[PDB]
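These notes are about the structure you will find just below.
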Amino acid sequence: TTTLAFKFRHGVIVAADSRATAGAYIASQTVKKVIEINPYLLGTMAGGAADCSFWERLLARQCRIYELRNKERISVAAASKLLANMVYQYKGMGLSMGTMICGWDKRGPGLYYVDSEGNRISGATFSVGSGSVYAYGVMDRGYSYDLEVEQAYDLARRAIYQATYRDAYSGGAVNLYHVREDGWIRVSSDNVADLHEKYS
Amino acid sequence: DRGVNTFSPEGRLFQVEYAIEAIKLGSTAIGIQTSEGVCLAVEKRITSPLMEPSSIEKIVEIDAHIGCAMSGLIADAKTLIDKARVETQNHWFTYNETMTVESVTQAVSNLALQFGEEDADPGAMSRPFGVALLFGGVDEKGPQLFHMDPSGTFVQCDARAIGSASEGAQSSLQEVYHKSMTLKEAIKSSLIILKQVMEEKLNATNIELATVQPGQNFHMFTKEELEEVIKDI
Amino acid sequence: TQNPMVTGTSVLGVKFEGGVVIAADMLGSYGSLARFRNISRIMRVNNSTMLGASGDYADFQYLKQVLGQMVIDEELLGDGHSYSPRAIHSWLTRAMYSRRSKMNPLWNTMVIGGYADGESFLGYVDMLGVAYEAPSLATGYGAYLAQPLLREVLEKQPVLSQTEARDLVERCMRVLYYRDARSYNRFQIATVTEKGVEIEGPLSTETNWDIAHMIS
Amino acid sequence: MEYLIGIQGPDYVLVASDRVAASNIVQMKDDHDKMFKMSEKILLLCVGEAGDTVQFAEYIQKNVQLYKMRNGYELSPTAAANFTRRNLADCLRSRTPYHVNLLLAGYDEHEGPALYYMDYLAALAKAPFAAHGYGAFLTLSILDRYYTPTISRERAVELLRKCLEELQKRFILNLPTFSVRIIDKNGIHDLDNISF
Amino acid sequence: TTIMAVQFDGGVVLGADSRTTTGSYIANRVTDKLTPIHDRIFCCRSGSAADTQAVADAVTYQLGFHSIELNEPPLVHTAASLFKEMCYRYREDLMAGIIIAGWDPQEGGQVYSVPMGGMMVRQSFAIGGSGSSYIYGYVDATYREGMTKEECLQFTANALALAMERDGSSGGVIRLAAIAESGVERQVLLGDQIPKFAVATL
Amino acid sequence: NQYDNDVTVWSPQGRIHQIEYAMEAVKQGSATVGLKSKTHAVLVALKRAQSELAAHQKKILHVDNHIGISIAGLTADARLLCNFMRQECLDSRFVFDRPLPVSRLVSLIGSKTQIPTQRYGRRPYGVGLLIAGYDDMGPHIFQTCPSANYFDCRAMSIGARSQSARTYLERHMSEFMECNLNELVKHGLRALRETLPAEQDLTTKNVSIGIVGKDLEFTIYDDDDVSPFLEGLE
Amino acid sequence: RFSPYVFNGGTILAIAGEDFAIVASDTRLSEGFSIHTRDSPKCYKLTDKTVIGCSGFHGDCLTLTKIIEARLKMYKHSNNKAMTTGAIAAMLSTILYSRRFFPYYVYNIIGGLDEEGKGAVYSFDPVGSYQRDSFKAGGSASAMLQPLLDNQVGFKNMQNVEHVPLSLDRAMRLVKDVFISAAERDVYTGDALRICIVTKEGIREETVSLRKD
Amino acid sequence: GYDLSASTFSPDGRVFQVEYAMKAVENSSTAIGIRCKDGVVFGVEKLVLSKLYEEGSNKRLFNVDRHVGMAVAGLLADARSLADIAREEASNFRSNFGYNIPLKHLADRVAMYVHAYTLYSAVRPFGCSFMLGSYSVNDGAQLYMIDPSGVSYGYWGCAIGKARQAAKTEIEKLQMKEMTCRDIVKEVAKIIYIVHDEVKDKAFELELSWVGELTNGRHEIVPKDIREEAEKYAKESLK
Amino acid sequence: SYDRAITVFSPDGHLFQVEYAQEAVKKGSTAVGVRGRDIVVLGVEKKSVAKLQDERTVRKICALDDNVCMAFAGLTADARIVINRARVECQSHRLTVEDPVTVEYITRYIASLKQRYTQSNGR
Ligand SMILES: *[C@@](O)([C@H](CC(C)C)NC(=O)[C@H](CO)NC(=O)CCCCC(C)C)[C@@](C)(O)CO
Ligand SMILES: *[C@@](O)([C@H](CC(C)C)NC(=O)[C@H](CO)NC(=O)CCCCC(C)C)[C@@](C)(O)CO
Ligand SMILES: [Cl-]
Ligand SMILES: [Cl-]
Ligand SMILES: [Cl-]
Ligand SMILES: [Cl-]
Ligand SMILES: [Cl-]
Ligand SMILES: [Cl-]
Ligand SMILES: [Cl-]
Ligand SMILES: [Cl-]
Ligand SMILES: [Cl-]
Ligand SMILES: [Cl-]
Ligand SMILES: [Cl-]
Ligand SMILES: [Cl-]
Ligand SMILES: [Cl-]
Ligand SMILES: [Cl-]
Ligand SMILES: [Cl-]
Ligand SMILES: [Cl-]
Ligand SMILES: [Cl-]
Ligand SMILES: [Cl-]
Ligand SMILES: [K+]
Ligand SMILES: [K+]
Ligand SMILES: [Mg+2]
Ligand SMILES: [Mg+2]
Ligand SMILES: [Mg+2]
């Protein structure tokens, strides 16, 4: 798995590969690792697939209850905190989860890293998963808060691509999302084999 | 004085009968089911011009496809509404599908006779809920309106009024309802009826109105949209 | 049971036209010691059903107590319904699975035989809740030494007579006595038909030791 | 890996903490804050195991704030330190121990400045200066060498900077920036980050 | 430990060595391992001294109460069942190999084994404890159907003496008990009274 | 009077007024009829509608493939008891892989419903059931009461004006065992129709039907699906 | 160390068509180096529109299928309609996760019709991770089956071929071929192949003989 | 008032709630038991309150263990609850002690459970009386009766319900110590017909069961043909 | 534990305990609130005067959190329980949401606490 996200002038970019593995067996090349929590909030999945899917689906349930009870959208801070408080109780029991909670609320673009070890942190850019080290290198050398929208899409796509190249455990397709002030949009799905053709 | 689970000689639970009488102290609410959607309309019953009318909420969203109108002891309705919300979200979580209006109503109705003072937990429910509810929504059966009262009896209705003037309002509903009636006709009819039965002069701030349609999610009418419908009425 | 103590070896079973036969030796071993040499490892459950158990004998006695009491409870009602062999096999699967899932197994492998409504029933349940049905079964070393002979006969002739099934079981018991170091040459044969359940024993196989003089 | 330091002078306490959140071989955040405001004149600096650190500190913080709301006035630094200690020690042998190391800095109207050191076992010590983390091994002797009890706040910031420069020179970890705050009669003040 | 019991027509004979060990130290050289559970029901104890004492005390209590309630002497089979229930239920926490023997008016002399693990089986005669390994052959060759009380006592004393000679973990004196309708007769064989069989010198 | 508020208080005549009062809840429900032949068990129920614009209350409920019920009395008590029945049936299939015999399920109801009649501050169940089932002993109709008593029936009716239905069923019960399914359901409908005011008739809006038998899992017929059974009451 | 698990073998397969689903499995039940029985299918009918294939630890397969059966009836009782294929899949995910810390040692594949009448396949890991697939192999020989299906149904690594819709007849031929190939190499796969075909008309059954060694 | 709780004595030392429960038994139709040379026979006058009921409905005779029958009068839901208590007690006894519960001990254990419901405002007394019958070679024939107060005694002959006294006076005419179960069934049927008030309650079924040497110590329904012969004998004897 | 049903319905749909609780409020000191444009004001009557009272110790206006306060009328001991419960809840909200409560949030909380004490055994 490789997933990344970053905040910039025009919101937050979110991207992932689509591979799943069981040991060295490739179990799938078509996994959706970006989950739609609501129309203005996405979660990303790295680590144990059942663990990420279950706990992010439960997060989605809780955010929706919150919205019905309070008559307003949950903030990115509060959503990431709910997730952290849920998993904290299970530390040491073998959950494996690394997620980015990505939205736009009253404080503007929002991005939090949350994991099964108990970490919860806000920041400008993150990458998570076995391929993250490779994605960080390319993302870091191209990132700017003032990236134009199309340049931001190019960077995210290229960083995941390069991770799929070096990391045996990442591959398939690169799926890209953009969180904007009025909601997230799905921007593209590009098979890594087609990107290979293009970048050479 | 007798216990809360005592039957009368006619085979009714005193507490439930008394809770049903509390519904008559509530403001009037109306529900109408058409093939184009359901509408819910309720009298706010403003008691001072200093009160903020938007703080009276007698129609609530349960989920995107389900609304609920209430009458009686409104504070009692909060735990029922929250149970409805939690149940529809649980059903979504578990089954990845929307819960039917009938199923939501059933889940809530199973709370109804769960009161008493020597079966249950250290401070469980001491009495029934003094509330009646209209659940209006859309599922794969199409548009649907269900009524529930403090006995835990629930039933589908084509049109139904509850609260103080429900006799009255129910009679006018028999007169105007027809199976092929449009939603816009149903909306007008329910405001005409509220207008008759209300003690105050009806206007765009002392009523609430909501719809659910096959196309479209739960929608509370704004002041401006109520004013438009009020012109004809 | 975490650690089995007195144990029984193989149980065999085979379907025949009009019934089922099961067989088991009469030995409770304590490690290698042939300690209790006259114990029955077969239970009549009710008129249509019988059970044979390998593994821990105390755990078998517990199951016999529980299952015996369940049949009695049912007979008290006098209502025209009885547990079928399939129902008893189902119950047993649940009980073993449940005890496995508490990390406290009943340390047994069982063979349930029955006859009800014109159909022979033969089912297996192990200590983990692995259960299935088949035309012949054999637990323990019987799975290696007896089951190959049972299945080879059944392939040439899937429908056996009672006397053919009985002779085949005796041949398997002989092999087990030759080759299983926890076996014993005193066994019971139980049969279920239309008429009910009959348990015969103590029985012995003839043996041949001519090969003792064929070494030089 | 996490560094905390405190230096108490005559009428103030100066504190600093690194701003790195790390994971495996990478810094994942370079502007991390390890300080928690408990009250107008109290900071709790908390490091240790992920999850435990924030969970523990925020629980203490909410309860210190609750005490204020219930009573109309704040806990003293010393009372807050002992409260913190009671909670940590009570959890030590429970099903939910918290693996955290702390400094508590404060200023009391009547007692003046205070700096308290606590380890994960919940031993509590008052000190004129202190530090936590592997970086403490390289900086405590620099503090022993140059600290005096009448040290002015300027010189405390210079002394602090000597410690932080020593980590740049000699420590194997990349800790390039630090949060710095001071507490005195007028509350908690943010100073400029010290960065390399 | 070596323990033994034998059925005859009208009663039972029980026997035990008298050695309690920790490792290879003898903590009691004259232990009484035959404990009365009711007027005509005894148990022979092997395994953990703590466990078998606790269990025997508990069964004595249960059987006593049961007996007063029914207003009748208890069945030997009932005593064995109570041992079995406790030894089976707590099989993971006990180290107990028990023989229950006695007399009742309904079934006469009876011997039951409750070995470790908590199974229960009636037998003509039973042996247990670690020393019993060394006398399986002896008892199998010497047992005869229809032995008198006096023959059961000799058979028991002989078996126990042989076990005690070979098993480091058994020894001391031989305690015997005979139980019948008329009551319980206990005795001790010591020193020169213990049956003797030469060491086979050249 | 001093004897009628607590289910734990015997009257000086050896009666328990709270149980008798609970039975009035069933006598005031809308009528339902149950009957059987050699091969099928049928339930027929009149549904009461609050207003002209209400659906009509469900009266017939699925319990398992081989068992269904018709209710009279407090609806919330009916659901609680129906959920207990469903769970007992599921348990039996889970454990034994076979249907729970109908007479055993009814025993479980008797035992469950008796308990609150003997404890202070509890109340009887205010519901009566007709139970239709099919098992190895053939078709069954059972009746359960708030007293926790139950009855094995050739046919039965409970609820308002059910005396008329019972009189019809006695009159024709020698015919039931040999009836084909259509004949048997017709008999159920004619019995139920005796409970109605002279003006009013059986319609597709007010009749609900439940059927189970040798070849047929428990099935509920409502609205347009009852029309085949109502036409030819000739 | 009592182990509460044992591996009992079994290979499963499901394929989604435009108006059909196939679910297939071998019928061998094994343990260690032995065969328990040659006639133990791994497919279970859930509704008229949905079949589930289960392999792994047989004790868990049996338990889990009985749980699913009870839950389908509970749903039908509370909601007044049969569970859809998608809703069964979502529910199974939660049942598996409820044993996250003592898992069901079961590989599950659901095959059925979705609400538009189209073929649907859902595949699961033991703790309830799942997704919709076009086709999927599971169990003992899955690594042997999956690549050929990738190639022949997915058209992967092929140039100059029309991506035509999968006919039932070709899907059937593929299913038999891959199990025959698996029976050559996986010691656990053998005896017979059981195939269930789900269409709007119902569920029908074919069986094909495999090698018995 | 002094009669509302089983935890309140009246000024004369009575517990009226227990007396009221006894009145429920005394309103019920009659059940009898008779011990004889080789067993125990039970008979019940079972009032048929509707012709719509199946033959067999609302049995008042139960098997509580394979060797133990139970015959009841009073509130039938209470009686069934007690039969379940008796069954659990017999089952638990077999599990714990390893043999069939002796009748007397079973009677005493269930009687103490009945008795526990006569002390408290929290619960009410059982509205039922019941007989327990068994036979074995070792213990012979035994017949016990237990009432709502929890008193338990053994009997040669016993009757409960509304024609109790009339039944007892007929039972006293039999030399039951010297008769067999096969002889006694006819006399049980006869006595039920005698005490049945054919004017006041119109229709009844005779229910018969027995346990004895002839059933090998198993409690069983009397076979249909023997019941019909006993009824025919009883009816013609009424003449 | 004491499980008596205390608040029950009476004929005509009344909850008498609740009506009697409202009588308690009506005998409390007057309290008034006005919502300004960018200020909010609370004022309350009296209660006793009494020269020997320490004034600080009997205020009827109370901070719940930094951005929320309340006044009450009725039983002052009861009010102290409600106030402390609401103060705890304001700190949970900050803890789990990282924003201060809205006034409506804490109101809704206090109201549902009150509602629960009209429908729970023993209270
Ligand atoms: C990813 O972290 C990936 C993310 C996940 C959301 C798909 N994780 C996995 O693939 C994990 C790695 O162990 N695999 C599973 O949870 C089991 C998946 C299905 C197995 C079959 C038996 C159905 C990466 C980097 O680990 C992917 O390689
Ligand atoms: C016996 O089994 C004997 C029987 C016992 C009931 C007296 N068992 C023992 O002596 C056992 C060890 O097996 N010893 C104890 O339980 C220790 C008691 C005292 C402990 C302290 C001294 C530490 C034989 C064969 O084991 C006797 O050797
Ligand atoms: Cl994809
Ligand atoms: Cl919430
Ligand atoms: Cl952060
Ligand atoms: Cl990963
Ligand atoms: Cl109303
Ligand atoms: Cl033996
Ligand atoms: Cl047997
Ligand atoms: Cl000892
Ligand atoms: Cl042993
Ligand atoms: Cl032993
Ligand atoms: Cl020993
Ligand atoms: Cl010694
Ligand atoms: Cl009704
Ligand atoms: Cl009702
Ligand atoms: Cl009744
Ligand atoms: Cl009725
Ligand atoms: Cl009487
Ligand atoms: Cl509360
Ligand atoms: K020795
Ligand atoms: K193979
Ligand atoms: Mg921890
Ligand atoms: Mg111990
Ligand atoms: Mg082979």
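Within each chain, counting starts at residue 1; across the structure tokens, chains are named A, B, ... in the order shown, with ligands numbered 1 upward in that order.
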Taking only residues of chain G that have an atom at most 10 Å from an atom of ligand 22, what is each one's shortest atom pair and its distance in Å to one decimal, using only C-alpha atoms and all ligand atoms, in chain and number order, as CSV?
```
residue,atom,partner,partner_atom_place_in_ligand_line,distance
G:28,CA,ligand 22,1 (K),9.4
G:141,CA,ligand 22,1 (K),9.7
G:179,CA,ligand 22,1 (K),9.5
G:180,CA,ligand 22,1 (K),8.8
G:181,CA,ligand 22,1 (K),9.0
G:182,CA,ligand 22,1 (K),6.9
G:183,CA,ligand 22,1 (K),3.8
G:184,CA,ligand 22,1 (K),5.3
G:185,CA,ligand 22,1 (K),5.8
G:186,CA,ligand 22,1 (K),4.9
G:187,CA,ligand 22,1 (K),4.0
G:188,CA,ligand 22,1 (K),5.5
G:189,CA,ligand 22,1 (K),4.5
G:190,CA,ligand 22,1 (K),4.7
G:191,CA,ligand 22,1 (K),8.0
G:210,CA,ligand 22,1 (K),8.3
G:211,CA,ligand 22,1 (K),6.6
G:212,CA,ligand 22,1 (K),7.2
G:213,CA,ligand 22,1 (K),6.2
```
Test item: residues at most 8 Å from residue 106 of chain F, only C-alpha atoms, excluding those fewer than 2 positions along its chain, as a PyMOL selection string: chain F and resi 102-104+108-110+142+144+150
Picked from chain A by DSSP as alpha helix (DSSP H), as a ChimeraX atom specification: /A:49-70,76-88,132-142,149-166,192-199
Atom pair atom CA of residue 213 of chain H / atom CA of residue 157 of chain H: separation (Å): 18.3 Å
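Neighbours of residue 82 of chain I closer than or equal to 10 Å, with only C-alpha atoms counted and sequence neighbours fewer than 3 positions away skipped, come out as residues 76, 77, 78, 79, 85, 86, 87, 110, 111, 113 and 114 of chain I.
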Would you mind exporting N, CA and C atoms of the selected residues as a PDB file, in the first residue's frame?
```pdb
ATOM      1  N   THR I  76     -32.280  25.355  45.340  1.00  0.00           N
ATOM      2  CA  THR I  76     -30.893  25.747  45.110  1.00  0.00           C
ATOM      3  C   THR I  76     -29.949  24.518  45.157  1.00  0.00           C
ATOM      4  N   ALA I  77     -30.225  23.545  46.051  1.00  0.00           N
ATOM      5  CA  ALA I  77     -29.446  22.270  46.120  1.00  0.00           C
ATOM      6  C   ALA I  77     -29.565  21.472  44.828  1.00  0.00           C
ATOM      7  N   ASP I  78     -30.784  21.337  44.310  1.00  0.00           N
ATOM      8  CA  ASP I  78     -31.000  20.733  43.010  1.00  0.00           C
ATOM      9  C   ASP I  78     -30.208  21.435  41.904  1.00  0.00           C
ATOM     10  N   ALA I  79     -30.244  22.774  41.884  1.00  0.00           N
ATOM     11  CA  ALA I  79     -29.488  23.547  40.884  1.00  0.00           C
ATOM     12  C   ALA I  79     -27.976  23.259  40.912  1.00  0.00           C
ATOM     13  N   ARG I  85     -23.035  18.787  36.951  1.00  0.00           N
ATOM     14  CA  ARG I  85     -23.178  17.845  35.850  1.00  0.00           C
ATOM     15  C   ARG I  85     -22.887  18.531  34.496  1.00  0.00           C
ATOM     16  N   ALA I  86     -23.427  19.732  34.294  1.00  0.00           N
ATOM     17  CA  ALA I  86     -23.222  20.477  33.049  1.00  0.00           C
ATOM     18  C   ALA I  86     -21.757  20.913  32.893  1.00  0.00           C
ATOM     19  N   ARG I  87     -21.105  21.253  34.000  1.00  0.00           N
ATOM     20  CA  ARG I  87     -19.679  21.631  33.977  1.00  0.00           C
ATOM     21  C   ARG I  87     -18.796  20.450  33.542  1.00  0.00           C
ATOM     22  N   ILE I 110     -28.639  19.585  29.406  1.00  0.00           N
ATOM     23  CA  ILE I 110     -29.272  19.841  30.696  1.00  0.00           C
ATOM     24  C   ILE I 110     -30.765  19.426  30.666  1.00  0.00           C
ATOM     25  N   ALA I 111     -31.423  19.771  29.567  1.00  0.00           N
ATOM     26  CA  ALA I 111     -32.808  19.452  29.373  1.00  0.00           C
ATOM     27  C   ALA I 111     -33.031  17.929  29.356  1.00  0.00           C
ATOM     28  N   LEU I 113     -31.081  15.662  30.746  1.00  0.00           N
ATOM     29  CA  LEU I 113     -30.891  15.236  32.142  1.00  0.00           C
ATOM     30  C   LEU I 113     -32.163  15.410  32.977  1.00  0.00           C
ATOM     31  N   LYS I 114     -32.746  16.593  32.880  1.00  0.00           N
ATOM     32  CA  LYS I 114     -34.018  16.862  33.551  1.00  0.00           C
ATOM     33  C   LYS I 114     -35.123  15.896  33.081  1.00  0.00           C
TER      34      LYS I 114
END
```
Ligand 3: which residues are within 9 Å, counting only C-alpha atoms and all ligand atoms, as a compact mmCIF listing (two decimals) with N, CA, C and O atoms, in the first residue's frame?
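File written: result21.txt
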```txt
# COMPACT_ATOMS: atom_id res chain seq x y z
N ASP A 17 -2.74 3.83 -4.23
CA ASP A 17 -2.67 2.66 -5.10
C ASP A 17 -3.90 1.77 -4.87
O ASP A 17 -4.83 2.16 -4.15
N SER A 18 -3.94 0.62 -5.53
CA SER A 18 -5.10 -0.25 -5.43
C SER A 18 -4.80 -1.71 -5.17
O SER A 18 -5.67 -2.56 -5.38
N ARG A 19 -3.58 -2.01 -4.70
CA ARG A 19 -3.16 -3.40 -4.50
C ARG A 19 -3.49 -3.86 -3.11
O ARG A 19 -3.33 -3.12 -2.15
N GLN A 29 -5.88 -6.16 -7.45
CA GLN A 29 -5.32 -4.96 -8.06
C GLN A 29 -6.38 -3.83 -8.16
O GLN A 29 -6.11 -2.78 -8.75
N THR A 30 -7.55 -4.03 -7.55
CA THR A 30 -8.70 -3.12 -7.73
C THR A 30 -9.34 -2.69 -6.42
O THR A 30 -10.55 -2.47 -6.37
N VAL A 31 -8.55 -2.52 -5.36
CA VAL A 31 -9.10 -2.11 -4.08
C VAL A 31 -9.28 -0.60 -4.02
O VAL A 31 -8.35 0.14 -4.37
N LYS A 32 -10.43 -0.17 -3.52
CA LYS A 32 -10.69 1.24 -3.22
C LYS A 32 -10.22 1.62 -1.83
O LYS A 32 -10.86 1.26 -0.85
N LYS A 33 -9.15 2.40 -1.74
CA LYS A 33 -8.52 2.70 -0.46
C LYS A 33 -8.90 4.06 0.09
O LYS A 33 -8.45 4.45 1.14
N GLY A 172 -1.16 -1.56 -9.13
CA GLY A 172 -2.52 -1.55 -9.68
C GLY A 172 -2.81 -0.27 -10.42
O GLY A 172 -2.30 -0.06 -11.51
N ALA A 173 -3.60 0.60 -9.80
CA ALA A 173 -4.02 1.83 -10.39
C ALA A 173 -3.79 2.92 -9.39
O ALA A 173 -3.82 2.67 -8.20
N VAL A 174 -3.62 4.15 -9.86
CA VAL A 174 -3.62 5.30 -8.95
C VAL A 174 -4.96 6.05 -9.01
O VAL A 174 -5.40 6.49 -10.07
N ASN A 175 -5.60 6.13 -7.85
CA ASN A 175 -6.90 6.76 -7.72
C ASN A 175 -6.71 8.06 -6.98
O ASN A 175 -6.08 8.08 -5.93
N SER A 189 -8.71 7.72 -12.27
CA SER A 189 -8.22 6.39 -11.98
C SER A 189 -7.31 6.01 -13.14
O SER A 189 -7.79 5.93 -14.26
N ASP A 190 -6.01 5.85 -12.90
CA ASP A 190 -5.06 5.56 -13.98
C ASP A 190 -4.30 4.27 -13.67
O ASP A 190 -3.56 4.24 -12.72
N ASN A 191 -4.46 3.25 -14.50
CA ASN A 191 -3.64 2.06 -14.36
C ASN A 191 -2.13 2.40 -14.49
O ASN A 191 -1.70 3.11 -15.40
```
